[PDB]
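Notes for the one structure printed next.
As a convention, Cβ positions derive from the backbone with ideal geometry for all residues, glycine included, and neighbour counts pool all protein chains shown. Readers should treat all values here as calculations from the given coordinates under stated rules, not as data from a laboratory.
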Ligand SMILES: O=P(O)(O)O[C@H]1[C@H](OP(=O)(O)O)[C@@H](OP(=O)(O)O)[C@H](OP(=O)(O)O)[C@@H](OP(=O)(O)O)[C@H]1OP(=O)(O)O
Ligand SMILES: Nc1ncnc2c1ncn2[C@@H]1O[C@H](COP(=O)(O)OP(=O)(O)OP(=O)(O)O)[C@@H](O)[C@H]1O
C-alpha cells in the first residue's frame, strides 16, 4: 500500500500505476561524487523499492565541498565514501532498501550480476568501460536502462540509452480532453464541428473516442483517428454509411503508447541526438560534445586532468578537439573559447550545475522505470558558461587550491568571487523544498560564511508536517510540528559550521513590514522567494523595487517550472507580468447545470464551507450582535429588519438534541439535495421542453439529471450519511461514539423516520451563463410569522439558553482522515456525479482538487534550485545584462528553454523625458523651503512642472481643490507636519497629459530631503 | 421664476466644497470630528495607497466639481475631507412630485483601497436610528442595493465597471432609481402587482408611510438637528423652498384623508395621518422659526 499521508503530492504527479511498478524495482548507481549523492537523494525521496550504490574511492577533505553528509571524522578514518554516508542516506526514507558495494570496476570486471537491476546510472566513470557497460545493458532481455552523466567545472554531460526499442506508456501527464460535439456530417471523410466557442485544441493523427452521441448511436464507443481542419473542426474518416445526425455527442481523447529508439553510446558519439535549450545557439551543444570527447581523450592519453592556465594542456586539447571535429559527421567549428574554459576549469567542480543535472537525471531515471513520460533522447548539456567570460582573462592563481573545503569551487569561479559570496547578506522567504535545496546549496558554497560580513536570514510561519517530508529532505519525522526555519537552520550548520544564519517564524506581509523595514532591506544584498501564491510575490516585488535590490523567484508545479530574475535598472518587475486572470465556472453552471465532475466537487466544497464555516459564523455573529432571542423577538414584533435572524431561527428550529436527530437531519439534507432539487428543476424544465428554435433545452452541455432513491445499503449513501451526521453533531456539539455510526444502528434510527414528500415550487432559475450570486429575494410575512412561532416555541421550551445560542465552527482541514471533510466532500461529489449521470471520481483526486494541492516532486525542486543558485552567482558577479538568463522547463516533454530577461522599459512622461520603474527622483531643500519652491525645483531639475502632489494616502496639493494657491506659500515642514524620524519624505506626482480631459500621467516617486 | 433663478444662483457655489472632517492628533491616528460610518474601516485602512486610485479620484474631481445636477426638483451637495479624498459625504434633496420630495438625505461614502477596481461603499445616514426601510433597495440600517455597486442583481452592463463607471453615474442613479415617485413596486414581485388593485392599494399604503416618515426625519428632524457639514446650506435651502413645503404637507394630508376610509390600508393610514398632521404642525412651527442665513 502507498503511504498516502507521505506520498500524496508525488501521487498527484506520477500516478498510482507508476509507483506500483516502482515498488518492484531495483536500481543500481555507480560513482559517488556529489552528482551521484544527489541522485541517491532524489531517488530515496521518491521511494524506490531498492537502491544499490557503489564506490571504490575513499573520503578526502576535497570531498567536503561536494557532499553534505561527510564529516572531518570520515576523512580522518579514510573510510569508503559511499559506505560512510550510507547510514545518513537511510534516514531519508525508511521504506527504501538502500545497499552499498565496493567491488572494483575495470575491463575484466564481470557484469552478469547487474541483471537484477532495471536501470543503472554511471558517474565518475571512464568512457570505454561506460561503452562496455552500455553494450551489456542493451544486450539484456529485457535490456537494462542505461544512464550516464558527468560534471566538470562549469560543464556537464547527460546521456540516455534504453536499447533499440523502449515503450513510452504515456507521452505526457496532461488529462485527456473531452469536447462537446456541435455538428457532425455523413461524409467520406466525415466532418466534425466542436462547440463554436470552445477551441478544438487537438492535432492531426490523434485518436479519439465518442460517447453520448445522438443521431449516430453506432459511434458510441467507436475510435477514430482525426485530422484537424480548423481550430474548431476536423475530420475523422469515412462516415457516409452512418445514420443521420441529431445533436449532442462528446469526444474523449485517447492515449496511445509510443516506441522510442536509442542508439548505442559508441554509435551516438557521432550524430548525437542533442536537446536544444537556447535557439540562439543551435550549435553550442555539438561543440560541447566535441569538447567533452576531447577532454575524455586527454584524460585517456595523460591519465590526468589538464592544469589550470596550462598553455600546453590547452593547446593539446585544442588539437584533440580539432581532430575529433574532423571525424564527426557534421564537423562543426571548434569553439576556442569553450575549449580554453574547459581546460581552465577541468579540475574544478560546480555544485549548482550538478544540482540541475542531478534533478533532470533523477527525473529520467523515474521515467525509465515507469514509462510515464517521454524521456530524453539522447543527449543534454548544461552550462555555466556566462560566468567565466564576464571575468575577462583572470590569472591561474585566482583558482589555485588553498587547502580549504572550497578548493573545488575556487578552481571554477575564483577566490575573489568566493569571498564575495562569503560576504553576502541574503534574505530568503519561504521554507519549502525549494528553500531547503537553496539553503543546502548555500551551505556547500560557503555562502555568508564570512566571520565579519556574511549573514543569512530565512523565515516561515508554519511547522513541519509528514507530507512535507516527501520533498523537504532536511527534516525528519521527529521534527514534525516544529518550526521549519529553526530545524532547517539547525541542520544546516552540520553541513557547514562556518555559516552564519538567522531564522524567524514570521509571515512576510504588510503587517510584518515593521520588522522588515527599508533599513533591513538595505542591509541585505539579494532577496530570494519560494512563495506559493501571487499576492506575496507582488508584495515582496514592490518592497524590493522600492528598496532597489535584486529579486529572484521560482515557480514549481508538477514537472513544469520556471525561474524569474529581476535586477535593478536592468529588468522588468514581477508586477510587470500581467497574465490573464482565471475564468471561473459560470454561476448557473455551478449551481444548476454542471457537466464536469470538477463542477460537482466545487459545488460540494462550497456547500461544505457554507454549512460548516459561513453559516456558523453568521449564527454566532448574530448572537454576538443581539444579547438574547427574546430581544430579537421583541424587535421583530415591532417590525425591526434584523439580518440573518430568519436563518438563525430556521437553524434553531432544525437544531437536533441527540445523535438520532442529527442522523435524521442528515437524512433530510440528503433527500433535499438529491431528490427534491431534481424534481423542482424538472418541474421548471421538463425533459422535453424546447427553446425558441425548438431545440431541446436539455442539450449539451446541459445534462438533465435524474433523482436518486435512498438506500442505506449503498456504500456511497452510508459514507455520505456517516460523514454528514458526524459533521452535524460537531456543529451542534452533540457527543457521539463510533458504534453510533454502525449501519445497523443508523437503520434503527432511520426506521422510525418519516421521509417527507416532495412538493413543487415556482422559483425563478438563473439560467444566465454570465449570472452571479445575487442578494436574496425579499422574505414574505409568512416566513416571518413562522420563524416568530418557531423561536416563541423555543423560548417556551427553554431552548433559548446560551448553549442554544452556541454551535461550533469548523475549519476546512484537508490532510487528516478523522475530520471527515474529505470523505464528506467525496461522497457529496460522487452523489452529484451519479445525479447528473456524470462519471464518479475517486477520493484522492477529490482531495487534490478540493485542497488546491499543487503537485510536487524532488526532481523539479532540485533542478530549479541549481539554476537559481547559478543566477544568484551571476548577480553577485555584477555581470552585464546579457549574462542573466531566465528559464522555463517542463520535464514531462522533457524541455528546457533559456531566454534573456525582459528589458526594463522607459515611460515617456512628456517632452522627450522618460523614466524607468527603478527611477526615484530626489529634491533637497530646507525648513523655509515651500511648495512653490518644490514646484520650481522640479521644473528646474527635471524640466517639468508638477501638476498634483500626494502625501501617501493624504492629498497634498491639487490646483482645482479650493484655496490651494495658499498652500504653495506654506513651508514643507508646516504643510507635511512630519515626524523627526526622517531627513526626507516621499511623495507622488503626476503631470498634465498632452490631451486635456485625460488622466494626469503618473511620474516616479520623489523624495524630498529636508536638508541638502 | 425669480425663486428658481435665486435657487440656482446661490447653491451653485455650495454644490461642491472641501471640509475637514477628521481632526488629526500627534501619533497619526484619526480623530473624527463629526458623525461617520466607516470608523474602523478608515482607521484600519492600509497606508500603501495605490497611485491609480488617487489619480482616478483627481481626474474625477474636475467633473464632480463642474457638472453637479442643480435644479429646484433636486440638487447634489458634495463635501470631502480637506486632506483626504477617499472620505466622502454627499447630501441630496428629493426630486419633486415624489413622496421623497425636497427631503434632505445625507450619505456616507468611502472609496476602497482598490478603487476604481471596486465601487465605493455607499450608505444612508438619515435613517432615523434605522427606523424605516425608506426604499425597497435601501435597508433600514442604510445599506444600499445598486447593481452598479454590485449590491443588487443585474446584467454585466448594470454591474460596476472600473473602466467606465463614475461616481457621478452613481449620484445620478440615486435620483433616477431610488429617489422616484414610485418606490413600492420596486420590491421584486410588486412590479408584477403593478396595476393590480391590491398592489396599487399596498403601494398607496407604503408611500403614505414613507411620506410621513420623510416629514418626520428628512424635514422636521433635519431642521431641528442640522448637520454641521451643510448647516448653513440646508437652512438657506429650506428658507428658499419653504413656500412649497407648506402646501406639500397640506396636499399629503388631504390625500391620506381619502385613504383613511379604507378598511384594509386606510386603518394604517389613520395612524400615519395622525403622525403626518402632528409633524406638519411642528414643521410649520419650525418654518415660522426658520431664519435666513
Ligand atoms: O444557502 P446555500 O447553502 O448556498 O444553499 C441553499 C440552502 O440550502 P441548505 O439549507 O441545504 O444549505 C437553502 O436553504 P436555507 O439556507 O434557506 O435553509 C435552499 O433553499 P430552500 O430551503 O428554500 O430549499 C437553497 O435551495 P434553492 O436555491 O433551490 O431554493 C440552497 O441552494 P443550493 O443548495 O443550490 O446552493
Ligand atoms: N508570506 C509568506 N511569508 C513567509 N513564508 C510564506 C509566505 N507565504 C508562503 N510561505 C511559505 O511558503 C512555503 C511554500 O512551500 P511549499 O511548496 O512546501 O508549500 P506548502 O503550503 O507548505 O505545501 P503543500 O502545498 O504541499 O501543503 C510554505 O511552507 C509557506 O509557509
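Using the beta-carbon distance between residue A:815 and residue B:251 and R0 = 60 Å, what value does 1/(1 + (r/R0)^6) give for FRET efficiency, to the nearest 0.05? List each step's numbers first, then the result.
Working: r = 70 Å, r/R0 = 1.17.
The computed FRET efficiency comes out at 0.30.
Just order A:4-13, A:190-199, B:228-237, A:405-414 by mean Cβ neighbour count inside 10 Å, highest at the front, would you?
Answer by packing, highest mean first, reads A:405-414, A:4-13, B:228-237, A:190-199.
Under a plain spin-label model, where a point goes 7 Å from the Cα along Cα-to-Cβ, how far apart in nm are residue B:152 and residue A:116?
Distance between the two pseudo-spin positions: 8.0 nm.
Checking a compactness column here: for the stretch A:658-755, what do you get for Rg(Cα) / (2.2 N^0.38 Å), N being the number of residues?
1.41
Tell me the Rg and the Dmax, in Å, that the Cα atoms of the stretch A:109-159 produce.
Spelled out, the Cα radius of gyration and Dmax of the stretch A:109-159 are 11.7, 38 Å.
Suppose we keep just the alpha-carbon trace of the stretch B:191-293; what are its Rg and Dmax in angstrom?
When restricted to the Cα atoms of the stretch B:191-293, Rg and Dmax are 15.7, 48 Å.
Run the quick spin-label model on residue A:193 and residue A:808: label points 7 Å from Cα toward the beta carbon, then report their separation in nm to one decimal.
5.7 nm
Looking at the square roots a ≥ b ≥ c of the eigenvalues of the Cα gyration tensor of the stretch B:80-156, which shape do they give, rounded for a/c under 1.5, prolate if a/b is larger than b/c, or oblate?
Note, shape of the stretch B:80-156 comes out oblate.
Using only C-alpha positions, report the orientation-averaged shadow area of the convex hull of the stretch A:148-270, nm², one decimal.
11.3 nm²
When every alpha-carbon pair in the stretch A:630-709 is counted, what percent end up more than 16 Å apart?
Result for the distance tail: 69 percent.
Starting from the Cα of residue B:268, move 7 Å in the Cα-to-Cβ direction to define the label point; list residues of the stretch B:159-191 whose amide nitrogen is under 18 Å from there.
Within reach of a label on residue B:268, which here means backbone N under 18 Å from a point 7 Å along Cα→Cβ, the stretch B:159-191 contributes B:182-191.
Rounded to a whole number, what is D in µm²/s for the stretch A:511-586 from Stokes-Einstein with the Kirkwood radius over alpha-carbon pairs (25 °C, 0.890 mPa s)?
The calculation lands on 178 µm²/s.
Given bins 5 angstrom wide, list per bin the percent of all Cα-Cα distances in the stretch A:438-525, short to long.
Once binned at 5 Å, the Cα pair distances of the stretch A:438-525 give 3, 13, 21, 22, 19, 15, 7, 1.
What is the spread of the Cα atoms of the stretch A:868-912 along each of their three principal axes, largest first, in whole Å?
Principal extents (largest minus smallest coordinate, Cα): 50, 27, 13 Å.
Give me the one-decimal nm value for the distance between modelled label points at residue A:638 and residue B:10, 7 Å along each residue's Cα-to-Cβ direction.
Each label point lies 7 Å from its Cα, and together they span 3.8 nm.
Counting each pair of different Cα atoms once, what's the Kirkwood radius of the stretch A:485-612 in Å, rounded to one decimal? Could the numbers behind the result be given before it?
Values: mean 1/r = 0.0541 Å⁻¹.
For the stretch A:485-612, the Kirkwood estimate is 18.5 Å.
Would you please report the Å³ per residue occupied by the convex hull of the alpha carbon atoms in the stretch A:751-892?
It comes to 348 Å³ per residue, whole-number rounded.
Which FRET efficiency value, to the nearest 0.05, do you get for residue B:244 and residue A:792 by plugging their Cβ-Cβ distance into 1/(1 + (r/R0)^6) with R0 = 60 Å?
After rounding, the FRET efficiency stands at 0.80.
List the pair-distance distribution P(r) of the stretch A:879-953, using every Cα-Cα distance, as the percent of pairs falling in each 10 Å bin from 0 up to the bin containing the longest distance, rounded to whole percents.
With a bin width of 10 Å, the distribution comes to 13, 30, 21, 16, 12, 6, 1.
What share of Cα pairs, in percent, lie more than 13 angstrom apart in the stretch A:506-554?
Result: 54 percent of Cα pairs exceed 13 Å.
Over the stretch A:255-309, one equal point on each Cα, no solvent: what is log10 I(q)/I(0) by the Debye formula at q = 0.20, 0.22, 0.29 Å⁻¹?
Listed by q, the Debye log ratios stand at -0.90, -0.96, -1.12.
Over all directions, how big on average is the projection of the convex hull of the alpha-carbon atoms in the stretch B:1-156, in square nanometres?
Orientation-averaged projected area of the Cα hull: 11.2 nm².
For residue A:402 and residue A:507, calculate 0.36 nm times their separation in residues minus their Cα-Cα distance, and state this gained length in nm to one decimal.
33.7 nm
Take the Cα coordinates of chain B, assign each an equal point scatterer, and use the Debye formula without solvent to give log10 I(q)/I(0) at q = 0.15 Å⁻¹.
Listed by q, the Debye log ratios stand at -1.24.
Along the Cα-to-C-beta direction of residue A:165, a point sits 7 Å from the Cα; which residues of the stretch A:123-139 have their amide N less than 17 Å from that point?
Under cut-off, by backbone N: A:138-139.
With angles folded into 0 to 90 degrees, how steeply does helix A:311-327 sit against the dominant principal axis of chain A? Use alpha carbons for both and round to 10.
70 degrees
Could you work out [θ]222 nm for the protein assembly as shown from helices alone, using -39500 (n - 2.57) per DSSP H run of at least four and dividing by all its residues? Round to the nearest 500 deg cm²/dmol.
Details: 39 runs with 471 residues, N = 1305.
Per the formula, -11000 deg cm²/dmol.
Please work out the ratio of the alpha-carbon Rg of chain A to 2.2 N^0.38 Å and round it to two decimals.
1.12
Over the stretch A:561-702, with a single point scatterer placed on each C-alpha, what log10 of the ratio I(q)/I(0) does the Debye formula yield at q = 0.15 1/Å?
-1.00
Using Cα atoms only, what is the angle between the long axis of helix B:231-260 and the major principal axis of chain B, expressed in degrees (0 to 90) to the nearest 10?
Approximately 30 degrees, to the nearest 10.
Under 15 Å from the 7 Å Cα→Cβ point of residue A:945, by amide nitrogen: which residues of the stretch B:57-80?
In the stretch B:57-80, the label zone of residue A:945 (backbone N under 15 Å from the point 7 Å along Cα→Cβ) covers no residue.
Could you state the per residue volume, in Å³, of the convex hull enclosing the Cα atoms of the stretch A:1-106?
109 Å³
Restricted to Cα positions, what overall size does the stretch A:72-195 have along the principal axes? Three whole-Å values, descending.
79, 34, 34
Using only the alpha carbon atoms of the stretch A:279-378, find the Kirkwood hydrodynamic radius as the inverse mean reciprocal pair distance, in angstroms to one decimal.
Evaluated on the stretch A:279-378, it is 15.2 Å.
Tell me, what is the FRET efficiency for residue A:88 and residue A:744 to the nearest 0.05, using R0 = 56 angstrom and their Cβ-Cβ distance as r?
Between residue A:88 and residue A:744 the formula returns 0.60.
How much of the DSSP bridge set in chain A is antiparallel, in percent, rounded to the nearest 5? Please list the in-between numbers first.
Details: 71 of 111 bridges.
So the antiparallel bridges in chain A amount to around 65 percent.
Between residue A:20 and residue A:653, what is 0.36 nm times their sequence separation minus the Cα-Cα distance? Round to one decimal in nm.
Working: separation 633, 0.36 × 633 = 227.88 nm, distance 5.18 nm.
Taking residue A:20 through residue A:653 to full extension adds about 222.7 nm, to one decimal.
From Cα coordinates alone, what are the radius of gyration and Dmax values for the stretch A:601-648 in angstrom?
So, for the stretch A:601-648, Rg and Dmax equal 13.5, 43 Å respectively.
Using only Cα atoms and rounding to the nearest 10 degrees, what angle (0 to 90) does helix A:127-139 make with the longest principal axis of chain A?
50 degrees
Relative contact order for the stretch B:69-127: what percent, with Cα pairs under 8 Å and sequence separation of 6 or more?
25 percent
Per 0.36 nm of contour for each residue apart, how much would the distance between residue A:695 and residue A:463 grow if the chain were fully extended, relative to their Cα-Cα spacing?
Result: 77.8 nm gained on full extension.
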